[PDB]
Every structure is written in structure tokens, then in C-alpha cells.
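> Let me begin by handing over the structure; questions about it come next.
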Amino acid sequence: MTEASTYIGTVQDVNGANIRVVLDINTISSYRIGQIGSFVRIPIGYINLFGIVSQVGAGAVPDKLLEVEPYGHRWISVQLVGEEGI
Amino acid sequence: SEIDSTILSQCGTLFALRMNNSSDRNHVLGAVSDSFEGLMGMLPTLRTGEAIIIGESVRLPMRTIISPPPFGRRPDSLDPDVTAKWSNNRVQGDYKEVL
Amino acid sequence: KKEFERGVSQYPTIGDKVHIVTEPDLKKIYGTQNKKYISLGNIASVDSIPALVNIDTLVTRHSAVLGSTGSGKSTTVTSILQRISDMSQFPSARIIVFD
Amino acid sequence: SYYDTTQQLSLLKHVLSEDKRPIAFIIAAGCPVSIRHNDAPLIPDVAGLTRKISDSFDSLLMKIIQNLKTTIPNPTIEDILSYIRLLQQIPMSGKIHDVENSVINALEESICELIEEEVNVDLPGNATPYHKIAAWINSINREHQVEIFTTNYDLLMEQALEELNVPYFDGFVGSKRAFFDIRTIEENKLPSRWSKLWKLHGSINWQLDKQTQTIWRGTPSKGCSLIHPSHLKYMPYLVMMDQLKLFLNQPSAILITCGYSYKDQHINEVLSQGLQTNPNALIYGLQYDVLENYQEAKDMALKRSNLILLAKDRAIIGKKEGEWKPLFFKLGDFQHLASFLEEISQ
Amino acid sequence: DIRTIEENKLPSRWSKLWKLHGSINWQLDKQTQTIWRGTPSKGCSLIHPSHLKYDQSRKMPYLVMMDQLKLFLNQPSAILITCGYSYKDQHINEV
């Protein structure tokens, strides 16, 4: 059905090992939402890609989005760490 | 990050494995002459064994998986095993011979 | 129908269709008929491809291996040295290791 | 010229972990032979049935065998049954074997009784592979339900799927007589939760009531069965094969055959037609034997690109034969496939 | 030709003719199941095609014509006229 429990957002930019994710939870802010030291899980078909948050706020927004819309910051920057095998 | 740049710049081929910190990655990227932006962003998340061969010895910069050596002979230093030695019961010693 | 040569001749225009590279195309790209190149591993995408690497440029020009201590660089170096010094193919190898 | 097992298994695990793609199965006679109840196999393969018929029954049987072998190789039970029914089609057919007829009508009944009493073997405890498959079926709430096709005459699928009560539908609707329905097959207006199981070669509980010439399933009577491979009645076979063909035309459809020997003829042709019609269809042919023993499978693999044939020693993929990278690929065995399915289930 | 039946892309003014029981100019091919139509062969003809074991499925003209009739009937049409039928065939009656 809808986005189940433990849902944050969708990937919207890949630079190899620097993922940028757009938040979907409007005003949850409370397991707390992704902090700086928190981990996130990205499942790809069968395996889960684990990553660590690195930047939250205006630091994760792409350069051109800031020039276009500098008042909305709902982005986080994830750096991939490792993957879970079989 | 410690190797002289004037020496690392003269090496024809580089086998870039996983580099964690940022100084090493910058120092390596500054010493490579055939860079693809698609692959050079993959350095921090390379698997244990994967290599990125770049230089004059290959037609294109390729991301490979080096064929493992056959089991039974792998590089392993014979350093003392701390946990195994510390888990043993303490026997009486003869320190007169040590002197 | 000759081979894969670096550098394009005429650039695409608006509306040109973009496809995806299949495994035979990868064999065409990363393959060569020269006798100097030696297979050292497999490409990450599909494991059926050999990673051909020249050996004249590897030794004569220079080489270098860089990576973190947790990335298993010792195993990679051991595999490379064992592959270069194969007895059946290279009976007259000459290597000195400053362990 | 070389293939690696690990990448193939990884690809298959990736495929099975998508709920958008409809999934199906083919459970041939090679699965029951893979489980041992007593020292003897729980259900022998077609060669076992042929040997049992030969040593259990004599002169007219040998005459029929010689007549069929005059132009055909080593026979099966289906071959001799089809020959018997073809003889029954002609009224004055008793002069072919100089038996004056009316004896073949009893010999076929005796053979049917023997087969129906032999195949009723019951299922062992909850450790059977079919139980693992049934548990995997309802583990995930897939939006497209998995269909199952079986060529087996027995009822191991029924017992296994009912021991772990799961949604089920085989075409027959009813409680006392279980009259076979055709319309409800064709509209396909059923909730997604209900599973679909279809027996192409017929079961042992099927009884032909004659009289009004109607078919019904239920309690297995003595001697009266519908074991027919295809038969030539003036039918479940045609509509059910049409259902299989319609399924193979669905976009991004995956079909896995376990224990199938590809020796049948109509099944191979309908599979080839389905593969050629929709290029997005994909069939995983899983065998447990040397690849050289399946000539028809080799021809289909060399003809249809989107058919993947995997054998114990060699494997042909994309019209290119090859060998495993250092027998391998134990996934051909039914037990190993069931363990794989139950470990991927969680 | 078989596929052009299924794409059904034909001129609007063009009509369709199907012979359910076959013709006297159809002739099979010894090498493979072809059933090509041409000059009436000397003695060789396809009359009442019912013995082919469905070899090389969909190549039999009977099944494709039957499916064409079925798909036409399934169309939300409103007219169908028959003449001279004795209703002595079970296969046509059932469909």
C-alpha cells in the first residue's frame, strides 16, 4: 500500500558515493528521524545498501536548486558505507 | 599523502584500491592523467579486492576484480596472537635464565 | 568492423536513440588481439570478461599500488606477482621484493 | 565459453524478489523422485512405471510393444495408453493382435487400477520440499499471484498446500460433486489472494461419469479414473493449454521448470510459441542430468534466445553453449531448489 | 502468411474469405508442414484437414480460421447471417 513504517524519502542524485535524498516525511521530527550520526537503509531488489548521513539542510541541496529556490531545504546527503551480503 | 608528488607523477600505472580519508584521494586524483568522472567518484566504496587500473598499460581505465590466489597460500605475517597467549593459564617462570 | 578505437568522428544530434551496452559489446570494447596483454581479473559488471593488461608498459614504464590497509592490498600484490611469474608462460622471470 | 554459478544464482535471486513480475512453476515427474520415503523412491519416474508394468502385466503385451517399437524408440506409459485408446476407437480392432477384442478393454482397466493404487502413497511429515514451496507461496503478498502447473497424476501438491492452509483454486467449483467450470476460468475475475493450480496431464481423483458426458472431481473411485495424457474426446486439456499460452503472453513473465525432461511434444511447441510471441517472456529450465541428454532442450535454446537452460555440468545461455567455472550447480535437484526457496523466503 | 492475420491491418474496402473445411487447390509439402495454395496438384489436395497431430502448431489453416471466427463473434457486432447450414457439425455448433 502506502509507504510503510521506516520510510524517509527517495534518491534524487548519485555521484558515485554521495547520495542526495529528498525527505518525504512532512513534520514527523520524532526512533527519531535521520540525524547526523544515524544510518539509513536503501534496498536494491535483494540486497540492502547501508549508508550514513553526512549533511542535513542547505548543505545537501544541489547548487542550482539553491539558485532557483533558496527557501526550501528538505534534502539530506548520504554517504554509502557498505552492503549486506546473502 | 606522504609519497613525493614528483615521484608518484612518473608512475605509468596505478592500482587504486579503496581509500577512506580525503587527503589520499585528492593526492591520487592529482597524480592521474586519464580520469573518468564516472569511476573516480567510486573510490571510497570499493569492495575488498576490487581495483581501478589506470595508466598507460590499459586501453581504458577499467574497474576489475583481481583473481584471488589459490587457497592455502596467502600473505600473512606471523605476529604473536595476543588473545590466544593471554587466554592460557600462567605457569611458573624461570627469570634467572632470562638474566 | 575493425575494432574499438578511442576518439569519436561525428557527434550525435538531437533525438538520437540511446541504447545499453550488452556483454558482446563489452567483449568488443575491453578485448584485444595483441599477444602482450595478460588477463589479471574480471570486470565488475559481468564476470565473463577478462581484464587484459599490458606487461611491457607495466614493467618498463613503472607501476604503483595504492590503497587502505583494510582493502587487502597484500593479496592483490601477491596475485599480481604470481600471475606475472608463471612458470609455464614466463620461465625467465626476475623479481626482487623488498619485504 | 565459460560461466560462473554465483552470478547466475544472484541473478535468479534478484528475479524472484520482484512482486511486479508474475511468476509460475512447472512441477514435472522429476520432483517426486527426489524424495525418499522408504528405501524405494516415493514415486518412480516414467521409466520406473514402464519397468513395473513390464514385470507386472504377456504375449499380447509383448506383441503391442513390438508393434510400437517397429517404428518408435523405447516407449513410455503414455505411448502404450494412447495406442490402447486408439485401438478402442476402432470397433473391430481385435484382429490386429488376433485377440478378438474385448480383452484390451479389461487389460487397460487392470493397468489403470495398478497405477492408481501405486501412485496413492500419501505425504510424509512437514519436512517435505513441497511444504517449503507452499510456505514460500503465501510468505509475500504479491500483487500478481503465482500459478502452478503440474504433470503429475498424484496429489502431493494438494496435501502439501492444505497442510499449511493457503488460498487455492483448480477450476472445479462445488462441494459434493465439484462440477468442472469453464466460464470462471475465462473471465479470470478472482481476488488476487486466491492461488491457481492446474494439472495438464490429469489427476487420479478425476472420474468420467459418462451418461450426460460430464466431468467431475472428488473422491477417487475404484478403477474409474481419467489418467489420460491427452485423449481424443469430442475438454480441460485444450482450455488449460490455452490458459498456459495466455499466461506466457503477459508482460515480463517468469516460468521455472523443475524436474522436466522436455520429452513431451505439445508442451515444447506451446512454450516455443509463447517465447516467440512475446520477447519479454523468460523461462528458467532447470535439469538434474548431463546436458547432452536433452536434444529438444538444446534445439529450443539454440532457437529461442530468451530461454535459459541450466544443467549439472554445462549450461547454454543466449544461444551460446558453455561450461561452469571450477558436477556443479546443484540447484537442479528438487531438494536444493526447495532449500533455496525457503531461505530466500525469509 | 500467418502473422498478418493477427495484426489485422488490411484495407477497409478489402474483404476477408475463409474456407473452414479447406479447398481442392491446397497442397501440403513433404519437407515441412506448409499447406501452400497454388495450381491444383495432380491428385494431391487437402480435403477435410483432420489428421496432422497439430504438428507445427498454428500452421494448420483449420485452427486459425476457427480462432478468426471466434474473435469476430466476440466483437460487439450486431449481425450474423447463415444460409444452407445443416447444423450437422459439433465443432461449429459448440463454438
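Each chain of the C-alpha cells is named A, B, ... in the order shown, its residues numbered from 1; ligands are numbered from 1 in display order.
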DSSP on the backbone: which residues in chain E end up as alpha helix (DSSP H)? Give the answer as a ChimeraX atom specification.

/E:3-7,61-74,90-94

> Residues as selected, C-alpha atoms, written as a short mmCIF file (atom, residue, chain, number, x, y, z; two decimals), in the first residue's frame, can you do that?


data_model
loop_
_atom_site.label_atom_id
_atom_site.label_comp_id
_atom_site.auth_asym_id
_atom_site.auth_seq_id
_atom_site.Cartn_x
_atom_site.Cartn_y
_atom_site.Cartn_z
CA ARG E 3 1.03 -13.03 -38.62
CA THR E 4 -0.77 -10.58 -40.92
CA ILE E 5 -3.96 -12.30 -39.80
CA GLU E 6 -3.28 -11.21 -36.21
CA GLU E 7 -2.19 -7.62 -36.90
CA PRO E 61 -5.47 -23.48 -41.54
CA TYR E 62 -8.36 -25.01 -39.58
CA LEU E 63 -7.40 -23.65 -36.15
CA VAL E 64 -6.56 -20.14 -37.37
CA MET E 65 -9.88 -19.87 -39.23
CA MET E 66 -11.72 -21.11 -36.14
CA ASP E 67 -9.96 -18.51 -33.99
CA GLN E 68 -10.81 -15.82 -36.55
CA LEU E 69 -14.49 -16.78 -36.33
CA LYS E 70 -14.33 -16.79 -32.52
CA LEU E 71 -12.68 -13.36 -32.36
CA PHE E 72 -15.22 -11.96 -34.82
CA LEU E 73 -18.07 -13.31 -32.69
CA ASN E 74 -16.52 -11.87 -29.51
CA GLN E 90 -20.43 -30.45 -33.48
CA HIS E 91 -17.26 -28.33 -33.61
CA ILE E 92 -19.01 -25.37 -35.23
CA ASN E 93 -22.11 -25.80 -33.06
CA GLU E 94 -20.14 -25.72 -29.80
#

> Within 8 Å of residue 48 (chain B), counting only C-alpha atoms, which residues show up once you throw out same-chain ones fewer than 2 positions away? Write them as a PyMOL selection string, please.

(chain B and resi 18+46+50) or (chain C and resi 70-72)

> So which residues of region 4-41 of chain C fall under strand (DSSP E or B) by DSSP, listed as a list in words?

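Result set for region 4-41 of chain C (strand (DSSP E or B)): residues 38, 39, 40 and 41 of chain C.
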
> With only C-alpha atoms considered, list every residue of chain E at most 10 Å from chain D, as a PyMOL selection string.

chain E and resi 53-58+90-91

> Which distance in Å separates CA of residue 30 (chain D) and CA of residue 238 (chain D), to one decimal?

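Calculated distance between CA of residue 30 (chain D) and CA of residue 238 (chain D) is 24.1 Å.
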
> Would you work out the distance separating CA of residue 92 (chain C) from CA of residue 76 (chain C), expressed in Å to one decimal?

22.2 Å

> List the spatial neighbours of residue 32 (chain B) as a list in words - criterion: any atom at most 9 Å away, only C-alpha atoms, same-chain residues fewer than 4 positions off excluded.

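So the residues in contact are residues 9, 13, 14, 28, 54 and 55 of chain B.
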
> Could you save the residues just selected, with N, CA and C atoms, as a PDB file, in the first residue's frame?


ATOM      1  N   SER B   9      54.103  11.068  -9.773  1.00  0.00           N
ATOM      2  CA  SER B   9      53.652  11.536 -11.076  1.00  0.00           C
ATOM      3  C   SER B   9      54.320  10.797 -12.225  1.00  0.00           C
ATOM      4  N   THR B  13      51.371   3.286 -14.242  1.00  0.00           N
ATOM      5  CA  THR B  13      50.112   2.628 -13.926  1.00  0.00           C
ATOM      6  C   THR B  13      49.835   2.702 -12.431  1.00  0.00           C
ATOM      7  N   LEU B  14      48.571   2.930 -12.082  1.00  0.00           N
ATOM      8  CA  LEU B  14      48.123   2.970 -10.698  1.00  0.00           C
ATOM      9  C   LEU B  14      47.024   1.941 -10.483  1.00  0.00           C
ATOM     10  N   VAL B  28      45.861  11.198  -4.962  1.00  0.00           N
ATOM     11  CA  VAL B  28      45.832  10.258  -6.077  1.00  0.00           C
ATOM     12  C   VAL B  28      45.220  10.903  -7.316  1.00  0.00           C
ATOM     13  N   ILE B  54      44.431   2.218 -13.874  1.00  0.00           N
ATOM     14  CA  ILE B  54      44.521   3.408 -14.712  1.00  0.00           C
ATOM     15  C   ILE B  54      45.972   3.604 -15.118  1.00  0.00           C
ATOM     16  N   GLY B  55      46.187   4.022 -16.354  1.00  0.00           N
ATOM     17  CA  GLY B  55      47.519   4.360 -16.800  1.00  0.00           C
ATOM     18  C   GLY B  55      47.731   3.951 -18.243  1.00  0.00           C
TER      19      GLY B  55
END
